[PDB]
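Structural overview for review
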Amino acid sequence: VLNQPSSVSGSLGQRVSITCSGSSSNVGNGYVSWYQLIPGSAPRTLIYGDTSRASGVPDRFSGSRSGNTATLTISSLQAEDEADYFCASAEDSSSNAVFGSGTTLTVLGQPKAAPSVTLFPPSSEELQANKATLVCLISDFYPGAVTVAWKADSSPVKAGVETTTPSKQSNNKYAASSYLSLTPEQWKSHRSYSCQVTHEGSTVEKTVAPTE
Amino acid sequence: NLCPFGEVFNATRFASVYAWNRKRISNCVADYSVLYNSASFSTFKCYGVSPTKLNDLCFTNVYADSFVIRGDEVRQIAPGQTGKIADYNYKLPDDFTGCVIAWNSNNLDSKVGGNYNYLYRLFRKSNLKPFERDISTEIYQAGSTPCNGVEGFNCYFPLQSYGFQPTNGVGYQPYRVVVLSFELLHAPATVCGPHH
Amino acid sequence: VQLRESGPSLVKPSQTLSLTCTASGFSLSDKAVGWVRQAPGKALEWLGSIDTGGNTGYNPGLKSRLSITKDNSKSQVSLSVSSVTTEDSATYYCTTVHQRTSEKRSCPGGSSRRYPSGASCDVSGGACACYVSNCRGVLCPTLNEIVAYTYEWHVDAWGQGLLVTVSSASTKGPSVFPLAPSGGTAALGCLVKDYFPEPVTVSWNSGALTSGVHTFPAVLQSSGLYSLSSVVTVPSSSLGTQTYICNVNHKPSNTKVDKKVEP
Ligand SMILES: *[C@@H]1O[C@H](CO)[C@@H](O)[C@H](O)[C@H]1NC(C)=O
């Protein structure tokens, strides 16, 4: 509900801040609180009481407020600080909390790691089930901007492809996966099945082939 | 030279009645013609002397006690009177020898919305002895609970502000009062009138 | 210290959804319990909380379908909702809340907080009040105080979140298949194809394997069923020597199955 910006960006080691605009009955009271959502993890409690750091919080962060707008301030940006950030406070009752629209942080300047691709053919057991699923897995790349194509015997393939959207790893790089679902009468018929990955203009691919 | 009746009566400012000011008059010529003529006075009562027969009377020492009260309480500035002012602020003895002179000061001592700067003693543990001045802010014990110097419920600040707002009726408008006490001690007379 | 959520992973539309939450390291007379939710792609929505006293507060626009209950002999708080729809498919979090209402005693511009002696006060009893203008005194007229309310609220700790899918479909179990294989490394894997709904647990040798196990997010096959992969980086010479088995646990279907990644 609270009018946060959709997104924000800074640079490693630099300063950046988010704004949270509400009304007089919710933010004007003060006692605003900020939280950090690192995906795949339960959120952190960043700030509580306009500026007070929660137990175990690093001092890289600090809160601020002027009238009906709160500000979350950080400098010395880390890679582990890439996340969503949500402001919130009570409105007209201590037991009615409201959050903001959420703002996504982009920590610019990290190493543009090239992707690492692994490709698995359909397993023999899966073929015994008269199903085929080629598995293309992608690890260790940044930014989370990637495009995947499949080629049957060097020709492009459209049907049967489902692709994830990237996700964080432990080291704040990205990882994703792609699946090409085939009938075994198709897989047995071709000689090359190639997974090609486009990352920031670079191309990395792998290729499997049927055997007996 | 002349006695400073001007310095008192015509003073630009006065004291709160609980802390009434006393000026000592000695070695001068008390000429009252200014007062006989200054018909702006609302009250001019003399005790122990004829009010007209002043300029031919000598006294050893005179005391000019000046303060501010409200209209209804001017009556209390007299021997053998009772009330808040006469009992807790300014008491005159029964054998009083002197004059009580008072005049309205509404133009000077009344701020619109109330002048809350002149004080009077509301609570006191005993009545004042003649010519005594109590200036204590000792917390008064109004209730049965002892106060031990801490203000609270049934534990009150013993002084209170006059609500001197201009639009009041005359009886509640501020009055400036000067009480001249004459002492005819067994010593040389140092204050005489232009007569005698 | 920690919180632990529990409840259904699937619920049919229009049914009632019931979740519960337990505490560890603390119990239900020390903090207040709140319930938050997030439908991915949407922001966080407050649902309601129940405090140490035992009364409840809710989200006004959502209270029409809500209920919170409590039982502190089990260290349990229960959340529930009726007429569940698919907008509500979301992660539901059990939260440690800190909250308290607080007053402010303000006087109008032309007045101040004091005792009859004029000294500043800052209370609301023993003969102190808002007094007028230049005054010190006991009978000096008083006047109406102005009271402002501020509301504190913040979550000091979070649970791990409980994922709820709202769908008119069965809890189909997964078909789990092994994925056999310049640096000396090799790739093992387990493909966990069509199933429904999320989540899925993937351990390797019942947790013995840790460093190397890159488990991947699932996809949504156009069929409407999920499927994922879990890959392990191992040393190439340990193959055959070390039998590698993936333990896949899909609980909504009550099926845990293990597979060798055979050479
Ligand atoms: C006080 O001053 C006024 C004007 O200056 C004058 O009329 C009056 O005689 C004076 N009275 C005394 C007692 O000084």
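Residues numbered from 1 in each chain as written, not as in the entry; some residues may be left out. Chains lettered and ligands numbered in written order. Heavy atoms only, no water.

Thoughts on the overall build of chain C
Summing up its helical and strand segments, chain C has zero helices and 21 strands in all. The buried share of chain C, taken over its 263 residues, is 42%. Surface summary for chain C: the accessible area is close to 12,800 Å², and the carbon and sulfur share equals 46%. Between the mean site of the 21 positive side-chain charges and the mean site of the 16 negative ones, chain C shows a separation of 1 Å. (Helix = DSSP H or I, 4+ residues; strand = E, 2+ residues; numbered from the N terminus. Buried < 20%, exposed > 50% of the residue type's maximum accessible area, 1.4 Å probe, protein only. Areas by Shrake-Rupley, 256 points an atom, 1.4 Å probe, with all protein chains shown as cover. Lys, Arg positive; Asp, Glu negative; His and termini not counted. Charge placed at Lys NZ, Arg CZ, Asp CG, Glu CD.)

A look at the sheet that holds strand β3 (residues 43–47) of chain B
Residues and elements named next belong to chain B. Taken in spatial order, the five strands of this open sheet run β1-β4-β10-β5-β3, and their pairing is antiparallel. The sheet terminates laterally at β1 (21–25) and β3, the two strands that pair on one side only. Along the sheet, successive strands turn relative to each other by an average axial angle of 15°, direction set aside. Pairing geometry for β3 and strand β5 (residues 98–104), over five bridges, is antiparallel. Residue pairing for β5: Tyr-47 is matched across the bridge by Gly-98. (Pairing = 2+ DSSP bridges. Axes fitted to C-alpha atoms, helices over the stretch in contact; angles between N-to-C directions.)

Considering the site of the ligand
Residues and elements named next belong to chain B. Around the ligand, the neighbouring residues are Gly-6, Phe-9, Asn-10 and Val-34. Note that an oxygen atom of the ligand is positioned 2.3 Å from one of the side-chain N or O atoms of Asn-10. When isolated, the ligand has an accessible area of 360 Å², and the protein chains bury 45% of it. When grouped by side-chain class, the residues that make up the shell around the ligand number two nonpolar, two polar and no charged. (Near = heavy atom within 4 Å. Polar contact = N/O pair within 3.5 Å; in protein donor to acceptor, adjacent residues only side chain to side chain. Nonpolar A, V, L, I, M, F, W, Y, C, P; charged D, E, K, R; others polar.)

Examining the arrangement of the chains
Across the two pairs of chains in contact, the largest number of contacts is found between chains A and C. No part of chain A reaches chain B; the closest C-alpha pair between them is 32 Å apart. (Contact = heavy atoms within 4.5 Å.)

Things to note about empty space enclosed by the protein
All names here are of chain A. The volume enclosed by the largest cavity comes to roughly 60 Å³. Lining the largest cavity are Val-16, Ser-17, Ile-18, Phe-61, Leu-72, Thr-73, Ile-74, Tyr-85 and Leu-105. Secondary-structure elements contributing two or more residues to the lining of the largest cavity are β2 (16–21) and β7 (69–74). Each residue belonging to the lining of the largest cavity can be placed in one class, and the counts come to seven nonpolar, two polar and no charged. (1 Å grid on protein atoms, 1.4 Å probe; cavity = no way out; pocket = protein on both sides within 12 Å on 5 of 7 lines; lining within 4 Å. Points joined across faces, edges and corners; volume = space filled by probe spheres on them.)

Examining unusual backbone geometry
For the peptide bond that leads from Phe-196 of chain C to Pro-197 of chain C, omega is -10°, which places it in the cis range. The topology assignment puts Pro-197 of chain C in the loop between β15 (185–195) and β16 (201–204). Along the chain, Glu-198 of chain C connects to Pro-199 of chain C via a cis peptide bond; the corresponding omega equals 5°. Mapped onto the elements of the fold, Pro-199 of chain C is located in the loop between β15 and β16. Even without being a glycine, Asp-92 of chain A presents a positive backbone phi close to 70°. Residues other than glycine seldom take positive phi values, yet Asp-153 of chain A does so here, at roughly 50°. Inspection of the secondary structure puts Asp-153 of chain A in the loop between β13 (147–152) and β14 (155–157).

Let's talk about the UniProt feature "disulfide bond" in chain B
The UniProt disulfide joining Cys-3 of chain B and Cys-28 of chain B is present here, with an S-S separation of 2.0 Å. Pair noted here: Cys-3 of chain B is in the segment before α1 (5–9) and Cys-28 of chain B is in strand β2 (residues 28–29), with a separation of 25 residues, a long-range link. (Disulfide = S-S within 2.5 Å. UniProt positions renumbered as here; feature names shortened; annotations may be inferred.)

Re the interface of chain B and chain C
Listed as interface residues are 15 residues of chain B and, on the opposing side, 14 residues of chain C. Summed over both partners, the interface of chain B with chain C buries about 1,100 Å², with 65% contributed by carbon and sulfur atoms. Viewed at the interface, chain C and chain B are joined by zero salt bridges. Secondary structure elements with two or more residues in the side of chain B that touches chain C: β6 (119–121) and β9 (159–161) of chain B. Of the residues forming the side of chain B that touches chain C, the biggest block, three residues, is contributed by β9 of chain B. Along the lines of polarity and charge, the residues of the side of chain B that touches chain C split into nine nonpolar, four polar and two charged. (Buried area = accessible area lost by both parts, 1.4 Å probe. Salt bridge = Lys/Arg side-chain N within 4 Å of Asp/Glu carboxyl O.)

Thoughts on the interface of chain A and chain C
In this complex, chain A contributes 44 residues to the contact, which on the side of chain C involves 50 residues. Summing both partners gives a buried area of about 3,800 Å² for chain A against chain C, and 64% of it is carried by carbon and sulfur. The closest approach of N and O atoms between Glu-125 of chain A and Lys-259 of chain C, which form a salt bridge, is 2.7 Å. Connecting chain A to chain C are 12 residue pairs in polar contact. In terms of residue class, the side of chain A that touches chain C is made up of 19 nonpolar, 20 polar and five charged.

Considerations on the side chain of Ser-110 of chain B
All names here are of chain B. By secondary structure assignment, the location of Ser-110 is in the loop between α4 (106–109) and β6. A polar atom in the side chain of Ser-110 sits 2.7 Å from the side chain of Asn-106. The contact partners of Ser-110, leaving out residues within four places of it in the chain, are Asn-115, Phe-164, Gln-165, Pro-166 and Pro-174.

Thoughts on the sheet that holds strand β6 (residues 61–66) of chain A
All names here are of chain A. Reading across the sheet, the three strands line up as β2-β7-β6 and stay open at both edges, with antiparallel pairing between neighbours. The sheet is open, and its two borders are formed by β2 and β6, each paired with just one other strand. In this sheet, adjacent strand axes meet at a mean angle of 20° when their direction is disregarded. Inspection of the sheet shows β6 paired to β7 by six bridges, in the antiparallel sense. Pairing of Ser-62 across the sheet is with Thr-73, part of β7.

Brief notes about the packing of aromatic side chains
Counted under the stated rule, the structure contains 27 aromatic pairs over all chains. With centroids separated by 5.5 Å and ring planes inclined at 90°, the aromatic side chains of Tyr-35 of chain A and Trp-158 of chain C adopt a geometry described as edge-to-face. Linking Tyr-35 of chain A in strand β3 (residues 33–37) with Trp-158 of chain C in strand β12 (residues 146–158), this pair reaches from one chain into another. For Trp-158 of chain C, a relative accessible area of 11% translates into the label buried. Arranged with centres 6.0 Å apart and planes meeting at 70°, the rings of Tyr-118 of chain B and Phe-164 of chain B form a pair that is edge-to-face. Placement of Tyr-118 of chain B in the loop between α4 and β6 and of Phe-164 of chain B in the loop between β9 and β10 (174–183) is noted, with a sequence separation of 46 residues between them. Note on accessibility: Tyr-118 of chain B and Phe-164 of chain B belong to one class, buried. By way of ring pairs, the aromatic residues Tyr-35 and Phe-99 of chain A together with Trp-46, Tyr-93, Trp-153 and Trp-158 of chain C are connected into one cluster. Its end group placed over the ring of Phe-131 of chain B, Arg-22 of chain B keeps NZ or CZ at 5.0 Å from the ring centre. Sitting above the plane of the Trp-20 of chain B ring, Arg-133 of chain B keeps its charged end 4.3 Å from the centroid. (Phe/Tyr/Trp six-rings, centres within 6.5 Å; stacked < 30°, edge-to-face > 60°. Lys NZ or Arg CZ within 6 Å of the ring centre and 35° of its normal.)

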